[PDB]
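Take a look at this one chain, the form solved without ligand GTP, written out in structure tokens.
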């Protein structure tokens, strides 16, 4: 009944609907999208459901909506470095993170859950993915939507990683547990990691970190090449 994580974002229904309306306004090729149907499918995935019993099947009525064009070679994957990834695509408008697609744009920076017996949106608390349960509305949404975006990637797949982290590449992150395993070797030639020196000055070649060599090994067994670049100065990287 009570959960360890923050509750549903305030005015979540209006936010999801406005975002859909705004996204289909900016992208005229998407004006065929019924935003009422989008909100109804999103709402239907988690309302009246126990927020630790959520499955990929619950999101399929939403997953089918929002078809759009994202060139396979213009995908940008990221892990634990959300701000820099989104600033990059705001500059290089041809490239997309998942949160630049309709489904990702709807849910970016939001939290949501319901209660089993009632039609109420639980605004008090929502399950913490590490403390309460992994099969919660927010975690299941991202894991389900991400897999298809990773399956789409081709040629050189770029991933931005946070080099200031204890684990630059985390095997148990959405990228590490979902996206990496859905990259298709028949279509993907190389996975290129961009290790961001976000925080403190670190003159080290972070492309030699054990977690990077671990990522190289996982991607190698799936018959894909690996490339790594250090982004020593991220603030100057955006201007370049």
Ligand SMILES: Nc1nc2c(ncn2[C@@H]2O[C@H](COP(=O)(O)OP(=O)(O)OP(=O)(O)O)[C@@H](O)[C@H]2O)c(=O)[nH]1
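Residue numbers count along the first chain shown, from 1.
Here the stretch with the larger average CA B-factor, out of 139-147 and 158-166, is 158-166.
As listed in the deposited structure, the average C-alpha B-factor of 212-220 and of 6-14 is greater for 212-220. Ranking 33, 62, 178, 207 by the C-alpha B-factor listed in the PDB entry places 207 at the top. When the Cα B-factors of 97, 73, 92, 111 are read from the PDB record, 92 comes out highest. In the PDB entry, residue 88 places in the middle third of its chain by CA B-factor.
When the modelled residues of the chain are ordered by C-alpha B-factor, residue 26 sits in the highest third.
Annotation for residue 50: C-alpha temperature factor in the middle third relative to the rest of the modelled chain, per the entry.
Looking at the C-alpha B-factors along this chain, the one for residue 173 belongs to the highest third. Placement of the Cα temperature factor of residue 199 within the chain: highest third of the modelled residues, per the deposited record.
The form solved in complex with ligand GTP exists for this protein as well; it is not shown, and the discussion that follows is about that form.
Shown alone here, residue 108 lies within 4.5 Å of ligand GTP in the deposited bound form, counting heavy atoms only. Residue contact with ligand GTP in the deposited bound form: residue 122 places no heavy atom within 4.5 Å of it. Residue contact check for residue 148: none of its heavy atoms lie within 4.5 Å of ligand GTP in the deposited bound form. Remark: residue 80 counts among the residues lining ligand GTP in the deposited bound form, judged by a heavy atom distance of 4.5 Å or less.
The single contact residue among 102, 95, 138, 152, judged by any heavy atom lying within 4.5 Å of ligand GTP in the deposited bound form, is 138.
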